[PDB]
């Protein structure tokens, strides 16, 4: 656990020295509170792990991991208006703050281009494309949208699994993929991590939905774990046996 917890904390610290509450407090108060009230996401974590699994420096993926957390954060806020529970801020301030969170993710990335590293520009452009895609209409939004069609004890597992593949999967694959890219890995190893990511997040999403749909056949969590690990073969490093953690 120390490894994963210390990755999450590095990401929190970084977001914290980046998102500083200040006048106009009416704007950064909500930007700060909504960003840290959103559950953390394994897609950010997976970003740093993959980066390190392929040889690169955690610091090479921090902005990407931060950015993925923010994109996830905004979608979460937008998901949870209507007033289901208790909000610190009104529906309008939250809608508008989600709209400000995603852009800040891209700002962080663009501002991280070290100009003494000949290779930054290209890798970062690529990552911006991957993160904007995973978060757009063909990825996550595709999933937030089909979610609407679910009916507690009526809709099938097959359907639920696909909502999980779009809502969470696409974002985990983007995370592992981006870590690979920031780390300088080869196309072959990016593809593998991307796939690994996809399953892991699909599975992670099936759990967030275990708590409602109790129909979840133990065989589905099994086919995913298995598809995940099949993916990590050919690859090695402790993260090659530590990556196989959230499939146990």
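Numbering follows the first chain given and starts at 1. Basically, rigid core = biggest C-alpha set you can superpose within 1.5 Å across the two forms.
*Asks:* So if we fit everything on the core, which stretch drifts more in 6 other deposited structures of this protein, 119-127 or 84-92, C-alphas only?
*Replies:* Comparing 84-92 with 119-127, the one that moves more in 6 other deposited structures of this protein is 84-92.
*Asks:* Relative to the presented form, and with the rigid core used for superposition, do the C-alpha atoms of 210-218 or of 62-70 deviate more in 6 other deposited structures of this protein?
*Replies:* Between the two stretches, 210-218 moves farther in 6 other deposited structures of this protein.
*Asks:* Can you let me know which of the two, 200-208 or 29-37, has the higher average C-alpha B-factor in the entry?
*Replies:* Comparing 200-208 with 29-37, the higher mean C-alpha B-factor belongs to 200-208.
*Asks:* Mean C-alpha B factor from the entry: is it higher for 229-237 or for 9-17?
*Replies:* The entry gives the higher C-alpha B-factor average to 229-237.
*Asks:* Out of 82, 98, 105, 136, which residue has the highest Cα temperature factor in the PDB record?
*Replies:* It is 82.
*Asks:* Please work out which residue in 64, 181, 46, 216 has the highest C-alpha B-factor recorded for this crystal structure.
*Replies:* 216 has the highest C-alpha B-factor of those listed.
*Asks:* Test of reading the entry: by CA B factor among the chain's modelled residues, which third contains residue 91?
*Replies:* According to the entry, residue 91 has a C-alpha B-factor in the chain's highest third.
*Asks:* Could you look up the Cα B-factor of residue 156 in the entry and say which third of the chain it sits in: lowest, middle or highest?
*Replies:* As the PDB entry reports it, the C-alpha B-factor of residue 156 lands in the middle third of its chain.
*Asks:* Split into thirds by Cα B-factor across the chain's modelled residues, where does residue 53 land: lowest, middle or highest?
*Replies:* It falls in the middle third of the chain.
*Asks:* Against its chain's modelled residues, does residue 194's Cα B factor rank lowest, middle or highest third?
*Replies:* Its C-alpha B-factor, which the entry lists for residue 194, ranks in the lowest third among residues of this chain.
*Asks:* State the tercile, meaning the lowest, middle or highest third, of residue 78 with respect to the CA B-factors recorded for its chain.
*Replies:* Tercile = highest for this residue's CA B-factor.
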